[PDB]
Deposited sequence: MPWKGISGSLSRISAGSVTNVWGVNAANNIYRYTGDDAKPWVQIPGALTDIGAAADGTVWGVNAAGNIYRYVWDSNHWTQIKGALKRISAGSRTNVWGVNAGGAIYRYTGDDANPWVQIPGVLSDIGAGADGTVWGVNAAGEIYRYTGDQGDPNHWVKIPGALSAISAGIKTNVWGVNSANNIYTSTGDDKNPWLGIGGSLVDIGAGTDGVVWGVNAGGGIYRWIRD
């Protein structure tokens, strides 16, 4: 099931059990302390989406679309994005307000390359896994680095938010707030997990965190 963790967040990302970040409705930024009794520290800045990777990589975008990378507070990286996901230093993707899709090049002076397609959310994993959903709710998995010249393969179902920590840990929520996890069977690809969430973050190590419409925060209790 799910365990409630005190606090309020509107978007959340989990790269690993030790790297979990979110933003609240007001755009305040928080990182998970590892202490469930005192679970958040506020990190200076303002963001509306955030992507936290297994290796400690953290990227975010603000309401205007400005893009930032955490420097271990924030360095702006040129461009404009509306949603962002970071699975690792080398696998960072986002989408802009118009739905265009970009992947980070690793060159801060020329930081994005556009990837053909249209998406409204995206999840990028440490292992290179990339999944997305479009405005209508259609679901895609990236194949453009695997020889597919149409880049994306549609996977049945409908989701509004998605997160991929690894090939084997992919979760999303539909517009109704129903929660799904990928089965690993493209012909029968989702299994419903009880609960209601509006955003979700799935880590490479299996950790899964989510927030519901009211801002309540949950960690999946797999044991």
Take the full deposited sequence, match it to the modelled residues, and report the stretches without C-alphas. 1, 74 to 76
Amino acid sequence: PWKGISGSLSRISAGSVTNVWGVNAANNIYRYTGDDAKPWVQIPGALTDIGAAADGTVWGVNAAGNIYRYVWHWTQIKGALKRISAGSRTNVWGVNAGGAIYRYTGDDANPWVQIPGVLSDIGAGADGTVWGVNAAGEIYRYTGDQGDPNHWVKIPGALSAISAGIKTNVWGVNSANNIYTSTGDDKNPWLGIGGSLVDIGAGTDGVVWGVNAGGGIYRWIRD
From here on, numbers count along this sequence of modelled residues.
Which of 149 to 157 and 127 to 135 has higher mean CA B factor, as the PDB entry lists it: 149 to 157
As the entry reports it, the stretch among 73 to 81 and 90 to 98 with higher mean C-alpha B factor is 73 to 81
Comparing C-alpha B-factors across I43, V61, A52, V173 in this entry, the winner is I43
What's the residue among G210, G215, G22, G15 with the greatest CA temperature factor in the PDB record? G15
Pull the Cα B-factor of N178 out of the PDB entry and bin it into the chain's lowest, middle or highest third. middle
Against its chain's modelled residues, does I193's Cα B factor rank lowest, middle or highest third? highest
By the entry's values, the third containing the CA B factor of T33 is the highest
Considering only modelled residues of the same chain, in which third does the CA B-factor of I166 rank: lowest, middle or highest? highest
